[PDB]
2 protein chains.
Amino acid sequence: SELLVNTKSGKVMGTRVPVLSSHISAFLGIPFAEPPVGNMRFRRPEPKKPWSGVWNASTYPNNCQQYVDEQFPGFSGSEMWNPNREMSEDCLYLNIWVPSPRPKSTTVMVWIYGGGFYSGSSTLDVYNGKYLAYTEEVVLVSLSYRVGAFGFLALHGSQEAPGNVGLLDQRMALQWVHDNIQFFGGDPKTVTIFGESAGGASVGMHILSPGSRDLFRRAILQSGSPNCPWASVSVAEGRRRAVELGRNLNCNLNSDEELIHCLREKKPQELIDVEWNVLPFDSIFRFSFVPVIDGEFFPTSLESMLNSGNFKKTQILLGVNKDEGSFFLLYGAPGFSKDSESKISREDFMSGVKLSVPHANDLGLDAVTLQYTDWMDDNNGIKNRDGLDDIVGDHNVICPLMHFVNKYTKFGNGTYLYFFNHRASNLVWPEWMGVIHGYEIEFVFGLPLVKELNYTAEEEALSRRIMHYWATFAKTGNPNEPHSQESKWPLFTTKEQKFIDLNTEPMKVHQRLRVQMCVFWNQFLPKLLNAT
Amino acid sequence: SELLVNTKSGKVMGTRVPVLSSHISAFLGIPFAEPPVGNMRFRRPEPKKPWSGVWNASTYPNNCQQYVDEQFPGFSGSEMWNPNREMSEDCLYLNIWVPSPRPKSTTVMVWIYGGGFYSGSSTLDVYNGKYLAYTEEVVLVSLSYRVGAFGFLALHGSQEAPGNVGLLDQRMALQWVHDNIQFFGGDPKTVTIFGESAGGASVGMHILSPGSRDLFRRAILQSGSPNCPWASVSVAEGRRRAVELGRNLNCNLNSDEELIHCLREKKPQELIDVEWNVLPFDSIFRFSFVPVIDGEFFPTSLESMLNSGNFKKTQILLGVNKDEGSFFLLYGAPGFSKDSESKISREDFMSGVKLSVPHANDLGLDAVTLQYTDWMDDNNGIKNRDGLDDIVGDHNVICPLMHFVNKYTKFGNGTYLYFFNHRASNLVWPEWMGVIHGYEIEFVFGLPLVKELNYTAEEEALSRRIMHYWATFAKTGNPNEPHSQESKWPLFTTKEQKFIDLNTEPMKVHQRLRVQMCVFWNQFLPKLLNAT
Ligand SMILES: *[C@@H]1O[C@H](CO)[C@@H](O)[C@H](O)[C@H]1NC(C)=O
Ligand SMILES: *[C@@H]1O[C@H](CO)[C@@H](O)[C@H](O)[C@H]1NC(C)=O
Ligand SMILES: *[C@H]1O[C@H](CO)[C@@H](O)[C@H](O)[C@H]1NC(C)=O
Ligand SMILES: *[C@H]1O[C@H](CO)[C@@H](O)[C@H](O)[C@H]1NC(C)=O
Ligand SMILES: *[C@](C)(O)CCC[N+](C)(C)C
Ligand SMILES: *[C@](C)(O)CCC[N+](C)(C)C
Ligand SMILES: CC(=O)CCC[N+](C)(C)C
Ligand SMILES: CC(=O)CCC[N+](C)(C)C
């Protein structure tokens, strides 16, 4: 049967799924690691023990234990990101959408969900890979990994909670795809990993980590990069947060052994209820448990690795959205609201600046304020609002990504940069948020092809154009069709530094994406805070 | 006789002068202090001893000993500023242009020449006040004062060379005008002092100095302010330069007494030949001997006086030119030339930045560079050139003046701000220099009314409009005609901060003159250099 596949771990029974008045195979909930439960909490993942009989891969697996956003109960804009299936520490599974009839050796794309390393699910509606698998004839795989303390609590030195275990879960999945994807018609030698936000940072981290490089061919990073200020913490900071988490749960803190044992006796939701109490500063776009620069998964500092070229050299495609910072300002900055235009007073602007650059002293804060304030009209509430949006977006996503792309392109084998700036006609979020963080995903996964979702024709066209760029790139290392008559997405070079806009209008090529502001965040500000 | 006037110091015989197919009286070279020669060098000025008989005031007096610009021999653009009469330490004289027939009590305007406190002459062609006196029916007076070491060598504590004696020369002249101007038909109670550059800084310094406040009614400052970074030095810095000047002339440096005696035995040109060797840094727009914050002429720091309102409260009219920095870049910055377009490479830009902000450390220099560099086109030689022009102009003239105006307007009784941006059609300097420092003077003195100078009709109109603004202001404290039908120059207020452009087009009102850049120079940069 086409829905039956035998793998090195055992046999799995898929399920026929309808997609755009057609059908393809879907293998949901395939286990790739032993359930990281009990004394295994915080530990490195163990490979899933082979099973006898047939594994029922007809329905989505559980979602990992995580904080659930209840900021707007019933609101689809926020709940579409929440876990849509029961939560459980037993959540290490992956999903595969296979074209019908089953291919023999077609391109493979592996999706790594974002969510600040504190949340995320591979089962979300917006991540359904049947449209991309069907439309582009690729084997679409979506993995899962532990988030929150469960996947990133870090007590470097200890082996019961070394940290980065969530990254290792991802690797374990990539390893499984490498070893078994062939049986589903996929080519293990043409696997492209791609993810957004923390998933984008994850992708970059696998490009950097020696132990992950050989498990994939190419990479796509969407609004995320390994060097993002929120993507990692030092060994010391990780430890401090783990201890503080223990302090929040009335744990014995005499030793890592005692601390870890206590955290392991606590129920999932217990750790999640106090998770946000460990942050060092009052800030936005900062998450408690994230990857740690341990000297193992990451040999040395990310910056020294990028400088020295200590990373996988291949082709990459990446980009950002126009309004990367609007999302987090709405959730934490004073003066922002979901149902108002959120015009920001100068007082709230100042408060917002301090929340956005937590590690900054007075001089630094002044530097930022000056850089983003129009002193000819400093009380303009819209300019203040949009100003904060740019600060949060430039500081947390765009500039870090631009630093990464410029450093990688030095040793890489081909770079393709994009700037996504189209606002969905059916977006349910307020207009002031613009082209929101993560809203390019629905176009990447082909949602605009489903008439019932109420997208416009032009948007359906953009989605198809994007899906084909991603798929053609994964397959060839170039998003463009060899001898095509359509506009060519130029290669990003150290010299020209070209990129394209991704919207519904005819393609346009630009250069030096956000160069002015990124010189400030990547070169000047760091130097200032360090000198002072 | 109309050309004969008896004053408290004695009688003076003027000379009838033709002006625009007409005539007025001119009293040139009237002494107002004893010749500061011999053992009087570096000393405070002594009032001129009354004389018997008639003093021949028919020809211009000598010019004070000063450095002479020979950078472009034969070139009128530079030589029009050089002394046009024999130099001599015996140079303390003033000139008066009196309307004919002699008025009884008309408005008086006193001109204070600029020249960085190291040069200047009251006899220059561009300073001839016959056009302004004739056209506006005002008594025009132009004083003179010692420049260079002669007027500003400062060894605070000593009474033989206390410093600021050049400022006291100006005051002595103002005192003479106060006591005798009435005999020439002038009203001692309606005297407006005005000057450009160092003359503008001088005007502001008399507004600040308790001992000068009562000697005038109003003030006009052209491209100069008391707080300009080049307008003054500390007691310590002044002393260091005096000692260094002595060191350059092989002087005994065992004591102020010995040092001063030596400097006094040296011939004028001897001190002038080594004058520029005392500057502390490699820099442009910096002069060796300038006013000193002594605790006498200036009670406390200029900034504390401005903050506390410790200054004469009256009405003031002031402004700047569009390209204030081009002049000094041509003379000292690498890459600039008089006969080329002076397109600046990035290397020369960097060199130029360091010459413009001498007191800046690396971080500061980076701050400036970032503030004035277009990172989307950083190799554009024209942008680099014009960028340096703005830096030198903003840092040395505009921003200091904006700080002064905003501080004064707080306690003052009326402020009128202008932005002069018209480039003379007959300017002999290269086009890249734009609206050069000091080229608004010829319009202030009415040169465009002399057909032979080859100005355009529109320019003659602007000159008349400017002359009338200045004269109406000196007379009433408001540049506008009471019930006039012409455009009204709005009053500058703390709230609105309005100003006007001064050119040949119809008047336009703007607000926040150069606010963005001045926030950087007046607030941010100072804070940065101080924190680091
Ligand atoms: C990529 O690598 C191939 C072979 O190593 C080389 O021929 C090609 O020039 C490279 N292309 C880029 C964009 O560096
Ligand atoms: C100037 O002073 C007069 C009298 O002291 C006062 O009536 C007037 O309001 C003042 N004007 C300004 C511009 O401050
Ligand atoms: C898989 O189990 C059986 C087939 O063995 C199938 O009927 C069922 O729907 C699947 N799982 C569920 C939804 O219980
Ligand atoms: C002033 O002196 C006489 C009048 O006493 C006059 O002829 C002469 O021209 C004036 N000074 C000069 C130029 O010698
Ligand atoms: C990224 C910080 O990991 C942000 C995740 C955003 N969503 C939209 C995917 C949840
Ligand atoms: C000011 C520094 O004192 C510059 C004087 C410029 N001129 C044009 C009047 C000589
Ligand atoms: C970005 C986030 O959704 C942060 C959510 C807000 N808390 C930190 C308060 C839970
Ligand atoms: C502004 C000046 O004219 C400076 C002149 C140049 N030297 C300092 C070298 C004499």
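In what follows, every heavy atom counts, from backbone to side chain, and hydrogens, waters and symmetry copies are set aside. Residue numbers begin at 1 in each chain, while the letters A, B, ... track the order of the sequences. Every number for a ligand or one of its atoms is a count from 1 in the order of the listing.
- The pair B/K267-B/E270 does not meet the salt-bridge criterion, since no charged nitrogen lies less than 4.0 angstrom from a carboxylate oxygen.
- We find that B/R146 and B/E89 are not joined by a salt bridge, their nearest charged nitrogen and carboxylate oxygen being 4.0 Å or further apart.
- Taking a distance limit of 4.0 Å, we find that atom 8 (C) of ligand 8 is approached by some protein heavy atom.
- Panel note: side chain A/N63, backbone A/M87; no donor-acceptor pair is recorded below 3.5 Å.
- Near B/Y118, the atoms of ligand 8 lying under 4.0 angstrom from a non-hydrogen atom of the residue are 1 (C), 2 (C), 3 (O).
- Looking at ligand 6, you won't find any N or O of B/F328 less than 3.5 Å from one of its N or O atoms.
- The presence of a protein heavy atom under 4.0 Å from atom 14 (O) of ligand 3 is ruled out.
- Proximity to B/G115 (heavy-atom distance under 4.0 Å) selects the following atoms of ligand 6: 1 (C), 3 (O), 5 (C).
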**OP:** Go through the steps for B/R241 and B/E244 under the test salt bridge (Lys or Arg N to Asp or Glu O under 4.0 Å), then give the verdict.
**Re:** CA-CA 5 Å; B/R241 296 183 182 185; B/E244 185 65 8; over 6 Å; no
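- Look at B/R385 and B/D390 and you find no salt bridge, because none of the NZ, NE, NH1 or NH2 atoms lies under 4.0 Å from a carboxylate O.
- Figure legend: B/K338 and B/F75 shown as a cation-pi pair, the cationic atom lying under 6.0 angstrom from the six-membered ring centre and within 45 degrees of its axis.
- Between A/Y60 and A/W97, the angle of the ring planes goes over 60°, which puts this pair in the perpendicular group of the 30/60° scheme.
- Heavy-atom separations between B/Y67 and ligand 8 include at least one value shorter than 4.0 Å.
- If you number the atoms of ligand 3 from 1 as listed, the ones under 4.0 Å from a heavy atom of A/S58 come out as 1 (C), 10 (C), 11 (N).
- The presence of a protein heavy atom under 4.0 Å from atom 9 (O) of ligand 3 is ruled out.
- Formation of a donor-acceptor pair under 3.5 Å by the B/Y113 side chain with backbone atoms of B/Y127 is not found in this model.
- Scanning the protein for heavy atoms near atom 6 (C) of ligand 6, the closest one is B/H437 CD2, 3.7 Å.
- Under a 4.0 angstrom heavy-atom cut-off, B/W230 registers as lying outside contact with ligand 8.
- Taking any N or O of B/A198, backbone or side chain, at least one lies under 3.5 Å from an N or O belonging to ligand 6.
- Ranking protein heavy atoms by distance to atom 4 (C) of ligand 8, first place goes to B/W276 CH2, 4.0 Å.
- Residue-ligand proximity, B/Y331 to ligand 8, at heavy-atom distances under 4.0 Å covers atoms 3 (O).
- Taking every heavy atom of A/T59 and a limit of under 4.0 angstrom, the matching atoms of ligand 3 come to 13 (C).
- If you number the atoms of ligand 8 from 1 as listed, the ones under 4.0 Å from a heavy atom of B/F328 come out as 1 (C).
- Centroid-to-centroid, the aromatic rings of B/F311 and B/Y408 come within less than 6.0 Å.
- Ring pair B/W230/B/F117 is tilted by interplanar angle, where 30° to 60° counts as tilted.
- Under the 30°/60° scheme for interplanar angles, the aromatic rings of B/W429 and B/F327 are found to stand perpendicular.
- Between A/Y93 and A/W55, the angle of the ring planes lies from 30° to 60°, which puts this pair in the tilted group.
- At least one N/O-N/O distance between B/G116 and ligand 6 falls below 3.5 Å.
- Atom 9 (C) of ligand 6 has B/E196 OE1, 3.2 Å as its closest protein atom, hydrogens excluded (heavy atom only).
- Looking at atom 1 (C) of ligand 6, its nearest protein heavy atom turns out to be B/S197 OG, 1.4 Å.
- The shortest contact between atom 2 (O) of ligand 3 and any protein heavy atom is with A/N56 ND2, 2.4 Å.
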